[PDB]
Structure formats: structure tokens, C-alpha cells
Amino acid sequence: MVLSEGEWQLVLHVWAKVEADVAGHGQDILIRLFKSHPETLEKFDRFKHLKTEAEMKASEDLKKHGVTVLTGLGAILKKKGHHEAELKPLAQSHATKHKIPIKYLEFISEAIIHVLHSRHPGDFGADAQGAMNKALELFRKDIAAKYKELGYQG
Ligand SMILES: Cc1cccc(/C=N/c2ccccc2/N=C/c2cccc(C)c2O)c1O
Ligand SMILES: [Fe+3]
């Protein structure tokens, strides 16, 4: 995977917008994920009992997790591919502690793209979506590499 500097700038430009409302984007993304793929909700004992979108929107645990996810992802994206230091811990944790399959990472990537488009349609066009897709694909491929290294067939 390789993005042009221009593509990385499209990614960082839209992320600056995500940063103006991290919690809101986080909620939208996780709600999208849980509604699109209900099985992923089973991984959170703290709010796996959430059912309606109203319950999800009112959940402090869901909101907090969305902030954790986007804060971590933002740190990785800003490295423009040179994210070994930030990605290693995330990978090991997801493989040995959380046991998150690669397919789940694919699902959340879909949700991220969808929400960014929904909230920033005037700027998150085909070029930016393509760039973010490549960025998240690189992210997933590098996580998969760490997984395989530790024997976790996620
Ligand atoms: C993508 C991403 C970027 C930055 C940080 C994270 C943090 N993930 C977690 C942190 C603590 C505990 C659990 C985490 N992830 C759980 C999880 C559950 C279902 C589906 C997916 C897909 C998950 O990553 C993250 O998942
Ligand atoms: Fe996670």
C-alpha cells in the first residue's frame, strides 16, 4: 500500500474535521458498526446489552470507546504510514487480549468511511474516500502482519 502526499493530505484534512467533534463522530461510527454487524457488539460486556439506537446514543460507555478508537486511529493516520510504534501495541492488544478478527476491522473501516461521507459530503468526495480507504487498508494489512507474527489468525 502507498498513498501520494496529496492523498495523505486529503486524509489529514478530513481528520481535522473529525477532531472538531471526536465524541460525535465516534458515536456515529460505532452505532453504524453495531447496526451493520450486530455480532461485533458482543465484544463489549459493558454495553453489549444495548439494542436501540436511542440506547446507544445515551451510552457513556459507547461514547467513551468511540473517543478511544478515534484518538488512537488519529495518532496512527498522522504518521502517514510510518506508524510501527503506534500500531504494534494496538495489534498485540487486539490479538491476545481482545481477540478482534480482521473482518471486524474491515467492518469498522466501512463505518468510518460512511460516517465521514455523511457528515462531510461537500469535501469527503471520491478522492478523499479513496485515500481514506487506502489508509485504512494499510492499517489493516499492517495489523494482520502483527497478528500472523503472533500466530493469531484473526
Ligand atoms: C481501529 C482502532 C483504532 C484505535 C484504537 C482501537 C481500540 N480498540 C479497542 C480498545 C480497547 C478494547 C477493545 C478495542 N476494540 C474492540 C473491538 C471490538 C469489536 C470490533 C472491533 C473492530 C474492535 O476493534 C481500535 O479498534
Ligand atoms: Fe478495537
# chains A, B, ... in the order shown; residues from 1 in each chain; ligands from 1

call {"tool": "residues_near_ligand", "arguments": {"ligand": "ligand 2", "cutoff": "12 Å", "atoms": "only C-alpha atoms and all ligand atoms", "output": "VMD selection string"}}
result
chain A and resid 30 33 40 to 41 43 to 44 65 to 73 87 89 to 95 97 to 109 140 143

call {"tool": "write_last_selection", "arguments": {"atoms": "C-alpha atoms", "output": "PDB file, in the first residue's frame"}}
result
ATOM      1  CA  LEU A  30     -19.861   2.664  16.476  1.00  0.00           C
ATOM      2  CA  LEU A  33     -20.864  -0.652  13.083  1.00  0.00           C
ATOM      3  CA  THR A  40     -19.377  -7.021  16.910  1.00  0.00           C
ATOM      4  CA  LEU A  41     -21.399  -5.689  19.838  1.00  0.00           C
ATOM      5  CA  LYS A  43     -17.209  -7.943  22.244  1.00  0.00           C
ATOM      6  CA  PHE A  44     -18.214  -5.253  24.742  1.00  0.00           C
ATOM      7  CA  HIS A  65     -14.988   3.885  23.473  1.00  0.00           C
ATOM      8  CA  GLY A  66     -15.601   5.924  20.333  1.00  0.00           C
ATOM      9  CA  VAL A  67     -13.223   8.560  21.678  1.00  0.00           C
ATOM     10  CA  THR A  68     -10.587   5.924  22.461  1.00  0.00           C
ATOM     11  CA  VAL A  69     -10.852   4.430  18.977  1.00  0.00           C
ATOM     12  CA  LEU A  70     -10.674   7.737  17.096  1.00  0.00           C
ATOM     13  CA  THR A  71      -7.897   9.124  19.284  1.00  0.00           C
ATOM     14  CA  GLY A  72      -5.806   6.038  18.615  1.00  0.00           C
ATOM     15  CA  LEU A  73      -6.637   5.959  14.916  1.00  0.00           C
ATOM     16  CA  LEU A  87       0.437   0.189  15.671  1.00  0.00           C
ATOM     17  CA  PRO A  89       0.689  -2.154  20.824  1.00  0.00           C
ATOM     18  CA  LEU A  90      -2.737  -1.903  19.197  1.00  0.00           C
ATOM     19  CA  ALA A  91      -2.153  -5.112  17.232  1.00  0.00           C
ATOM     20  CA  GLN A  92      -0.849  -7.191  20.134  1.00  0.00           C
ATOM     21  CA  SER A  93      -3.711  -5.992  22.334  1.00  0.00           C
ATOM     22  CA  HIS A  94      -6.383  -6.816  19.751  1.00  0.00           C
ATOM     23  CA  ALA A  95      -4.919 -10.262  19.103  1.00  0.00           C
ATOM     24  CA  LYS A  97      -6.455  -9.524  24.852  1.00  0.00           C
ATOM     25  CA  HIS A  98      -9.500  -8.554  22.790  1.00  0.00           C
ATOM     26  CA  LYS A  99      -9.268 -11.188  20.042  1.00  0.00           C
ATOM     27  CA  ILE A 100     -10.642  -8.964  17.291  1.00  0.00           C
ATOM     28  CA  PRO A 101     -10.816 -10.656  13.860  1.00  0.00           C
ATOM     29  CA  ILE A 102      -9.510  -8.839  10.788  1.00  0.00           C
ATOM     30  CA  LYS A 103     -13.037  -8.971   9.395  1.00  0.00           C
ATOM     31  CA  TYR A 104     -14.176  -6.780  12.307  1.00  0.00           C
ATOM     32  CA  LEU A 105     -11.500  -4.233  11.417  1.00  0.00           C
ATOM     33  CA  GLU A 106     -12.913  -4.287   7.888  1.00  0.00           C
ATOM     34  CA  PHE A 107     -16.396  -3.584   9.275  1.00  0.00           C
ATOM     35  CA  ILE A 108     -15.300  -0.600  11.329  1.00  0.00           C
ATOM     36  CA  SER A 109     -13.372   0.752   8.341  1.00  0.00           C
ATOM     37  CA  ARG A 140      -5.422  -3.390   8.439  1.00  0.00           C
ATOM     38  CA  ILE A 143      -2.208  -5.178  11.890  1.00  0.00           C
TER      39      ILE A 143
END

call {"tool": "closest_atom_pairs", "arguments": {"of": "stretch 15-98 of chain A", "to": "stretch 113-130 of chain A", "cutoff": "8 Å", "atoms": "only C-alpha atoms", "output": "JSON lines"}}
result
{"residue": "A:18", "atom": "CA", "partner": "A:116", "partner_atom": "CA", "distance": 7.9}
{"residue": "A:25", "atom": "CA", "partner": "A:115", "partner_atom": "CA", "distance": 7.2}
{"residue": "A:28", "atom": "CA", "partner": "A:115", "partner_atom": "CA", "distance": 6.6}
{"residue": "A:29", "atom": "CA", "partner": "A:115", "partner_atom": "CA", "distance": 6.1}
{"residue": "A:32", "atom": "CA", "partner": "A:115", "partner_atom": "CA", "distance": 8.0}

call {"tool": "write_last_selection", "arguments": {"atoms": "N, CA, C and O atoms", "output": "mmCIF file, in the first residue's frame"}}
result
data_model
loop_
_atom_site.group_PDB
_atom_site.id
_atom_site.type_symbol
_atom_site.label_atom_id
_atom_site.label_comp_id
_atom_site.auth_asym_id
_atom_site.auth_seq_id
_atom_site.Cartn_x
_atom_site.Cartn_y
_atom_site.Cartn_z
ATOM 1 N N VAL A 18 -12.895 15.722 11.928
ATOM 2 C CA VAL A 18 -13.333 14.716 12.884
ATOM 3 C C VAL A 18 -12.958 15.228 14.274
ATOM 4 O O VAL A 18 -13.734 15.119 15.227
ATOM 5 N N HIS A 25 -18.460 11.890 16.241
ATOM 6 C CA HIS A 25 -18.069 11.004 15.151
ATOM 7 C C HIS A 25 -17.942 9.581 15.690
ATOM 8 O O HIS A 25 -18.358 8.621 15.036
ATOM 9 N N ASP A 28 -21.425 7.988 16.104
ATOM 10 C CA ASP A 28 -21.981 7.671 14.797
ATOM 11 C C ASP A 28 -21.312 6.444 14.191
ATOM 12 O O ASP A 28 -21.983 5.578 13.633
ATOM 13 N N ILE A 29 -19.990 6.368 14.310
ATOM 14 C CA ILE A 29 -19.243 5.248 13.751
ATOM 15 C C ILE A 29 -19.565 3.926 14.442
ATOM 16 O O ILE A 29 -19.840 2.930 13.768
ATOM 17 N N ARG A 32 -23.136 2.812 13.684
ATOM 18 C CA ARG A 32 -23.174 2.283 12.317
ATOM 19 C C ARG A 32 -22.622 0.850 12.313
ATOM 20 O O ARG A 32 -23.198 -0.054 11.699
#

call {"tool": "residues_around", "arguments": {"residues": "residue A:152", "least_positions_apart": "2", "cutoff": "9 Å", "atoms": "only C-alpha atoms", "output": "MDAnalysis selection string"}}
result
chainID A and resid 95:96 99 101 144 146:150 154

call {"tool": "closest_residue", "arguments": {"among": "A:77, A:14, A:54, A:2", "to": "ligand 1", "atoms": "only C-alpha atoms and all ligand atoms"}}
result
A:77

call {"tool": "select_by_dssp", "arguments": {"residues": "chain A", "states": "helix (DSSP H, G or I)", "output": "MDAnalysis selection string"}}
result
chainID A and resid 5:18 22:36 38:43 53:58 60:77 84:98 102:119 126:149

call {"tool": "closest_residue", "arguments": {"among": "A:57, A:145, A:48, A:133", "to": "residue A:84", "atoms": "only C-alpha atoms"}}
result
A:145

call {"tool": "closest_residue", "arguments": {"among": "A:151, A:81, A:45, A:51", "to": "ligand 1", "atoms": "only C-alpha atoms and all ligand atoms"}}
result
A:45

call {"tool": "closest_residue", "arguments": {"among": "A:137, A:42, A:61, A:5", "to": "ligand 1", "atoms": "only C-alpha atoms and all ligand atoms"}}
result
A:42

call {"tool": "decode", "arguments": {"residues": "stretch 25-54 of chain A", "atoms": "N, CA and C atoms", "output": "short mmCIF file (atom, residue, chain, number, x, y, z; two decimals), in the first residue's frame"}}
result
data_model
loop_
_atom_site.label_atom_id
_atom_site.label_comp_id
_atom_site.auth_asym_id
_atom_site.auth_seq_id
_atom_site.Cartn_x
_atom_site.Cartn_y
_atom_site.Cartn_z
N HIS A 25 -18.46 11.89 16.24
CA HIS A 25 -18.07 11.00 15.15
C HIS A 25 -17.94 9.58 15.69
N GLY A 26 -17.37 9.45 16.88
CA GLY A 26 -17.20 8.14 17.48
C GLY A 26 -18.52 7.42 17.69
N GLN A 27 -19.52 8.15 18.18
CA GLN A 27 -20.84 7.55 18.41
C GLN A 27 -21.44 7.10 17.09
N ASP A 28 -21.42 7.99 16.10
CA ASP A 28 -21.98 7.67 14.80
C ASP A 28 -21.31 6.44 14.19
N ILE A 29 -19.99 6.37 14.31
CA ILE A 29 -19.24 5.25 13.75
C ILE A 29 -19.56 3.93 14.44
N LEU A 30 -19.55 3.90 15.77
CA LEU A 30 -19.86 2.66 16.48
C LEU A 30 -21.32 2.25 16.29
N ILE A 31 -22.24 3.21 16.26
CA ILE A 31 -23.65 2.87 16.06
C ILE A 31 -23.81 2.23 14.68
N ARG A 32 -23.14 2.81 13.68
CA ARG A 32 -23.17 2.28 12.32
C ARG A 32 -22.62 0.85 12.31
N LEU A 33 -21.49 0.66 12.99
CA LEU A 33 -20.86 -0.65 13.08
C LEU A 33 -21.79 -1.69 13.72
N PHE A 34 -22.37 -1.33 14.86
CA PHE A 34 -23.24 -2.25 15.58
C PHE A 34 -24.56 -2.55 14.88
N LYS A 35 -25.08 -1.58 14.13
CA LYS A 35 -26.32 -1.79 13.38
C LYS A 35 -26.03 -2.62 12.13
N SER A 36 -24.87 -2.39 11.52
CA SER A 36 -24.47 -3.11 10.30
C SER A 36 -24.04 -4.55 10.59
N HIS A 37 -23.34 -4.75 11.70
CA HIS A 37 -22.84 -6.06 12.08
C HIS A 37 -23.01 -6.28 13.59
N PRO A 38 -24.24 -6.63 14.01
CA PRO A 38 -24.62 -6.88 15.41
C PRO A 38 -23.67 -7.76 16.23
N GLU A 39 -23.02 -8.72 15.58
CA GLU A 39 -22.10 -9.62 16.27
C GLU A 39 -20.92 -8.90 16.93
N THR A 40 -20.50 -7.77 16.36
CA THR A 40 -19.38 -7.02 16.91
C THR A 40 -19.69 -6.46 18.29
N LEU A 41 -20.98 -6.24 18.56
CA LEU A 41 -21.40 -5.69 19.84
C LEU A 41 -21.10 -6.66 20.98
N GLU A 42 -21.07 -7.96 20.67
CA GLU A 42 -20.82 -8.99 21.66
C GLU A 42 -19.45 -8.88 22.33
N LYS A 43 -18.55 -8.12 21.71
CA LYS A 43 -17.21 -7.94 22.24
C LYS A 43 -17.12 -6.94 23.39
N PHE A 44 -18.21 -6.24 23.67
CA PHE A 44 -18.21 -5.25 24.74
C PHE A 44 -19.19 -5.60 25.87
N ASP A 45 -18.68 -6.28 26.89
CA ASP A 45 -19.50 -6.68 28.03
C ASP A 45 -20.12 -5.50 28.76
N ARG A 46 -19.53 -4.32 28.60
CA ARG A 46 -20.05 -3.13 29.28
C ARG A 46 -21.32 -2.55 28.67
N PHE A 47 -21.54 -2.80 27.39
CA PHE A 47 -22.75 -2.30 26.74
C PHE A 47 -23.28 -3.22 25.64
N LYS A 48 -22.94 -4.50 25.71
CA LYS A 48 -23.41 -5.45 24.71
C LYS A 48 -24.91 -5.65 24.85
N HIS A 49 -25.48 -5.07 25.90
CA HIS A 49 -26.91 -5.16 26.15
C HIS A 49 -27.64 -3.98 25.52
N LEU A 50 -26.92 -3.21 24.71
CA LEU A 50 -27.52 -2.07 24.01
C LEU A 50 -28.26 -2.61 22.80
N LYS A 51 -29.48 -2.13 22.57
CA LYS A 51 -30.28 -2.60 21.46
C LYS A 51 -30.72 -1.51 20.48
N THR A 52 -31.51 -0.56 20.96
CA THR A 52 -31.99 0.52 20.11
C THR A 52 -30.92 1.59 19.91
N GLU A 53 -31.09 2.41 18.88
CA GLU A 53 -30.15 3.47 18.59
C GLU A 53 -30.22 4.51 19.71
N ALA A 54 -31.39 4.63 20.33
CA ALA A 54 -31.57 5.57 21.43
C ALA A 54 -30.69 5.16 22.60
#
